[PDB]
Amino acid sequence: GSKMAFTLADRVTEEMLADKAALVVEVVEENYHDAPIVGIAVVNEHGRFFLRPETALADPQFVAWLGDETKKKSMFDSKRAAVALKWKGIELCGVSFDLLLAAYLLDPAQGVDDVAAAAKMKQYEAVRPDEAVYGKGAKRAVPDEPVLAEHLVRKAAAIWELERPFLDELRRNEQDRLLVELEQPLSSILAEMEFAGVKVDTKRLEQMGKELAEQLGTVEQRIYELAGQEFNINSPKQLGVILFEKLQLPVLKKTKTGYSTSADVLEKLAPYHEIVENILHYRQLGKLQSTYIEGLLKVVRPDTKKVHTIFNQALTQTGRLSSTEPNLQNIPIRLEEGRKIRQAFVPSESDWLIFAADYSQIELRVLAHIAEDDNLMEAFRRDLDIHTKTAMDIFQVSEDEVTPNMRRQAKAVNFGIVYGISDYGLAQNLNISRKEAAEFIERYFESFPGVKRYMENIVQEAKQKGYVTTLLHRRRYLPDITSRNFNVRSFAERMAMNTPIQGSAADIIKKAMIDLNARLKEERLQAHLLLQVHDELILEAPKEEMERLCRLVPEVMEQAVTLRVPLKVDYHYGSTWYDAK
């Protein structure tokens, strides 16, 4: 179509080093760790400039400019640029605006993943989607210099022009401090985390993988004996044919293409045939083997024996982070065979230890705070076992009349309450009927009328405003809250109930990370953040710092915000992640 004017520079000049600029330090590899910087673009009051990285990054004044906190840069996905630079021994500072995080706050549902998607939100279309320039995947190539250079300049141009309107809307939404004081500082901390990585004991993992391949070989053969034939145990067609046609097992549930084989269903079928328990066992081992063992071993960098996740800070609808390549927010814990995987996550230096602090029932505590339910707030003020308390109220029994099955039902009710309670959902979860679920629910609201009030109020608020909000003013638009379709409307209503809870808990732990990173430097500790797992933080530190951390970390996490109820943090440390329990 048209061409944007810019200087294709081949040396750094002084006018490129103004104290405010849009900056693009482009990394095209999806995974940016130790990845190439393919080009650089600067747009400031003086003009528009493209620089080849091998020039710019070898230039002393440019590098000094990058690291000077007083020279302000506007960017998109500054964490990607900061991390690729960290791997090159270069420090990036003074990022005062990140367009990706600004777009995220304004509307998490837009799924902005390039400068073009963010630009579209304010009707600016003078820039191409990255996919148009680079291609899909495995055809994805860096193009030739004139194509590349104009593209980076156009993105930088967009960033320069869109700061004002993004900030104005953030300000109108009261989300400007959310971006400036929370999401942007947190982005620097995440960059440090990702870069630091987590040391992995690959021999431990290789040996677990060996035992797994052993057991898996045994179970697989047994399965073939019992089926009287070989088949692909991971094929849905083939396993369905064996269970339900050759062995004539009852069909308790269908998927929309065939028979359900979820573990749920399989447990009911166990009484009928010895094959079932074995398939369950195979699925358990096979998940461990192919996802955790083989998966982790594939992404460990052999140069450092570390894994360097990426924490996606602009993806979830609620404001949580997610983690990819590897996902280190889903390492097994609940069953012991899987938990053993955590034995392979080790401190990065000798005589250091892993330290883990987790919030105790933050969501339920946030809910008490938001709903101001007198009885919920008393329960946490009396630091009660919340599930046992809910069993007492719903079943009207005394503490020592609470049976294990009673506590289990009340636990499930507590989960449903935070998720957005559903008589069907609870009934499915508990394997009971909707009418019996409805009465648990009804008993819950009699015991906790402030919470019922909150669930009613928040749905009406979502309806009238068009969105819900968290404690630190994160927003989520719920246009389906008025659908005439029952399923669709009900789902929005759950999102209305859950999002201030889940999202406020995200707000809190994010603030806690920022506060903690400041306190650790103030305290001159060598301890640092490795991971966040929604309501927990994992650090590593010299053994000599364990005692100060036992007091410091819970204190900081507990005081991140002050609610109508206290927050409670437990901590553990040990020589592996497995032992910090």
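Start at 1 and count along the sequence shown; that's the residue number. In this text, the rigid core denotes the largest set of C-alpha atoms whose superposition between the two forms falls within 1.5 Å.
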Greater Cα displacement in 4 other deposited structures of this protein once the core is superposed, comparing 150-158 with 422-430: 422-430
241-249 against 169-177 - segment lying farther from this form in 4 other deposited structures of this protein (CA RMS, rigid core fit): 241-249
Residue stretch of maximal mean CA temperature factor, 197-205 vs 137-145: 137-145
Of 58-66 and 530-538, the one with larger mean CA B-factor: 58-66
Top Cα B factor in the deposited entry, candidates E192, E363, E439, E183: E439
Peak C-alpha temperature factor (PDB record), options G240, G89, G450, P479: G240
CA B-factor placement of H33, once the chain's modelled residues are sorted into thirds: lowest
Chain thirds of CA B-factor: placement of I223: highest
For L23, the third of its chain into which the C-alpha B factor falls: lowest
Record-listed C-alpha B factor of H46: chain third: highest
Relative C-alpha B-factor of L252, binned into the chain's lowest, middle or highest third: highest
